[PDB]
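Enquirer: Have a look at the structure that comes next, please.
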Amino acid sequence: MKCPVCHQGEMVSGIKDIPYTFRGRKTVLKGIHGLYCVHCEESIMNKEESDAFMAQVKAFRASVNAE
Ligand SMILES: [Zn+2]
C-alpha cells in the first residue's frame with residue numbers, strides 16, 4: 001500500500017524502536033510491530049498492534065507520573 005501521509009513511500013511490515021518523550025522524560029518504546037513507511041516513517045497499527053503499543057505508552061506515562 002501507498003503511504004497515506006506522504007503519498008509516495010510504500011508501507012512495509014516491520015518492528016521498530018520508537019523514541020518517546022513525555023513530561024520531559026525520554027524513553028524508547030521497544031519492539032513495536034506495525035506497518036511503516038520507508039520514506040517518511042509514518043506508522044499504521046491495526047487493533048492488536050495498537051493495543052500492544054498503547055500498553056507500553058501508558059505504562060511509561062504511569063511510571064513518569066508516579067515518579
Ligand atoms: Zn510516508
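By order of appearance in the C-alpha cells: chains A, B, ..., then residues from 1 within every chain, and ligands from 1 in the order shown.
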Kindly compile the residues surrounding ligand 1 within 12 Å, counting only C-alpha atoms and all ligand atoms, and format them as an NGL selection string.
Expert: :A and (1-12 or 35-44)
Enquirer: Run DSSP on the backbone and give me the residues of chain A it puts in helix (DSSP H, G or I), as a PyMOL selection string.
Expert: chain A and resi 47-66
Enquirer: May I have all residues of range 15-64 of chain A that DSSP, computed from the backbone, assigns to strand (DSSP E), given as a VMD selection string?
Expert: chain A and resid 15 to 22 25 to 37 43 to 44
Enquirer: So, counting only C-alpha atoms, which residue among A:29, A:18, A:24, A:46 is closest to residue 58 in chain A?
Expert: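 Residue with the minimum atom-to-atom distance to residue 58 in chain A: A:29.
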Enquirer: What is the distance, in Å and to one decimal place, between CA of residue 65 in chain A and CA of residue 31 in chain A?
Expert: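 If I compute the distance from CA of residue 65 in chain A to CA of residue 31 in chain A, I get 23.2 Å.
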Enquirer: Can you tell me which residues surround residue 17 in chain A at a distance of at most 10 Å, considering only C-alpha atoms, apart from same-chain residues fewer than 4 positions away, and format the answer as a VMD selection string?
Expert: chain A and resid 27 to 33
Enquirer: For the residues in that selection, give me C-alpha atoms as a CSV table (one decimal), in the first residue's frame.
Expert:
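And here is the file that came out, part.csv:
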```
chain,number,residue,atom,x,y,z
A,27,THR,CA,12.4,6.6,26.6
A,28,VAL,CA,12.5,4.2,23.6
A,29,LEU,CA,9.4,2.1,23.1
A,30,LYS,CA,11.0,-1.2,22.0
A,31,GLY,CA,9.8,-3.8,19.5
A,32,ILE,CA,6.7,-2.1,18.1
A,33,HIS,CA,5.1,-4.1,15.4
```
Enquirer: To one decimal place in Å, what is the distance between CA of residue 66 in chain A and CA of residue 47 in chain A?
Expert: 27.9 Å
